[PDB]
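Engineer: A single structure is presented below for examination.
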Amino acid sequence: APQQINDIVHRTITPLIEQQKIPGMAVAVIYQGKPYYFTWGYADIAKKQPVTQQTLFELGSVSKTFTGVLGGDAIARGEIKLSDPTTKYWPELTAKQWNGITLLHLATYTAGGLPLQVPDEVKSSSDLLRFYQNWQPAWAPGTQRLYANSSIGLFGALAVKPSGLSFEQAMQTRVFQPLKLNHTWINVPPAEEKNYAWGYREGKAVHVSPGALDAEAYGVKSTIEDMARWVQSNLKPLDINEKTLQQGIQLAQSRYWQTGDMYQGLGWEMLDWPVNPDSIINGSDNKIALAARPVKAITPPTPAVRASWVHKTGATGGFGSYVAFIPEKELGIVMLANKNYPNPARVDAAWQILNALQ
């Protein structure tokens, strides 16, 4: 592999792993469209299983990018419109605060303060209906962004209703299969369990627990190869043969809202390239990423901008993931780790690598 890539990756990631005490890590760099892979450490410390290119990691909220694209694909199929009221797809949602809340608001965290998490107490479908019916918005729709699993998770569940497919069936048939992501899963099958890394939290081996809207908000597991392929697909959607999927990918990178120097897509978030690295590095810190922020509507949304830093962070209890790419440069990176370590360290390392190669 080109020595420049080897050197920039190893010189950045080796110290990262040491500083953050990350048990296992995989990195893919997409350079001029081609992937290059790097692995370190352990998928399972107790069983001495190394990280390989076939190791599954929990993506956490990087799953939101799959949800956004699947939603985009449903728009392209004509099954849903982002302008459609939430109640069109969930008629039981009769409470008056839902008047004016559209699928766009759900997809982009702008419904008016839907909470970061669905309460753990919500176990049944009746529980979920009660939760949304009883929720009281802090703000009018389309005025403030508050990053939330309960927002985009509901979008994902509603987006697949017209198809009649379960969220998982829709994801597999309409996104995973066409892109040949054959080692990407919402539920890890028994056949693949030998490859499923443990996450590590406070030294304990952990996997994500079941929760409401988990598949839709944070539930995808994948390998570094499949994730490199996901980045390639999002870098160059025009190479994708399935028309509605190609279109869905483009819709997910459209710019719907602006807050500061960031633009909200469907799942993806974007900044203009060249970026100010302090802006994305500091902006990734949950102190900022999870805050309530006023948004400016982009009316109408700007289609995907090639000169963008497009990215998403993800975490579960035991895992930390990051994906970033720059379409204009045919350049991208995926970093998957089995420890949830601070976001700014992820973005700093990714920027150091992509900047050196650009």
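Note that we place each Cβ from the backbone using ideal geometry, even for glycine, and neighbour counts take in every protein chain shown. Each reported figure results from applying straightforward, stated rules to the coordinates on display, with no laboratory input.
Engineer: Going 7 Å from the Cα of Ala356 toward and past its Cβ, which residues in the stretch 5-22 have a backbone nitrogen under 12 Å from where you end up?
Structural biologist: 5-16
Engineer: Another question about this same structure. Name the longest site-free stretch of the chain, where the excluded sites are trypsin sites (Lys or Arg not before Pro) in a DSSP loop with no more than 10 other beta-carbon atoms within 10 Å. Intermediate results must be reported in sequence, preceding the final value.
Structural biologist: Details: sites that count: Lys21, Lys47, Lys48.
Result for the longest clean stretch: 49-358.
Engineer: Determine ³J(HN,Hα), in whole Hz, for all residues of the stretch 88-98 in sequence, where each value follows from phi through the Karplus function 6.51 cos²θ - 1.76 cosθ + 1.60 and θ = phi - 60°; x replaces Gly and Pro.
Structural biologist: Using θ = phi - 60°, the values come out as 4, 9, 9, x, 5, 7, 8, 4, 5, 5, 7 Hz.
Engineer: Pick from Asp278, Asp348, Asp214 the residue whose mean-square fluctuation is largest in a GNM of the chain, springs joining Cα atoms under 10 Å.
Structural biologist: Largest GNM mean-square fluctuation: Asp278.
Engineer: So, in nm, how far is label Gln49 from label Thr302 when the simple model puts each one 7 Å beyond its Cα toward the Cβ?
Structural biologist: 4.4
Engineer: So between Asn187 and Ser166, what do we pick up on full extension, going 0.36 nm a residue minus the alpha carbon distance? Present the calculation step by step, with values, prior to reporting the outcome.
Structural biologist: On the way: separation 21, 0.36 × 21 = 7.56 nm, distance 1.29 nm.
Between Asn187 and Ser166, full extension yields an extra 6.3 nm.
Engineer: Does anyone have the angle between helix 63-76 and the longest principal axis of the chain? Alpha-carbon axes, 0 to 90°, nearest 10?
Structural biologist: So the helix axis and the longest Cα principal axis differ by about 50 degrees.
Engineer: Report, in whole Å, the centroid distance computed from the Cα atoms of the stretch 111-164 and the stretch 281-333.
Structural biologist: If you average the Cα positions of each part, the centres end up 21 Å apart.
Engineer: For the chain, I need the span (max minus min coordinate) of the C-alpha atoms along each principal axis, in Å, sorted largest to smallest.
Structural biologist: Principal-axis extents of the chain (Cα, largest first): 58, 41, 40 Å.
Engineer: Nearest 10 degrees, 0 to 90: what angle lies between the long axis of helix 343-357 and the longest principal axis of the chain (Cα atoms)?
Structural biologist: 60
Engineer: Further question: At 7 Å along the Cα-to-beta-carbon direction for both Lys180 and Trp139, put a label point, then send me their distance in nm to one decimal.
Structural biologist: Modelled inter-label distance: 4.3 nm.
Engineer: So for the chain, taking the charge dipole from beta-carbon charges (+1 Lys/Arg, -1 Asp/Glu), which of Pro303, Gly156, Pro15 sits furthest toward the positive end?
Structural biologist: Ranked along the dipole, the leading option is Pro303.
Engineer: Do the sum for the chain: with -39,500 (n - 2.57) for every DSSP H run of n ≥ 4, divided by all residues, what is the mean residue ellipticity at 222 nm, to the nearest 500 deg cm²/dmol? Provide the component values of the computation, followed by the final result.
Structural biologist: Working: 13 runs with 121 residues, N = 358.
The per-residue figure over the chain is -9500 deg cm²/dmol.
Engineer: Would you work out which of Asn187, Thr143, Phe131 lies farthest towards the positive end of the dipole of the stretch 94-205, given +1 charges on the beta-carbon of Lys and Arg and -1 on that of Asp and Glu, about the Cα centre?
Structural biologist: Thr143
Engineer: So how tilted is helix 3-20 from the main axis of the chain? Cα-based, degrees 0 to 90, rounded to 10.
Structural biologist: With rounding to tens, the tilt is 70 degrees.
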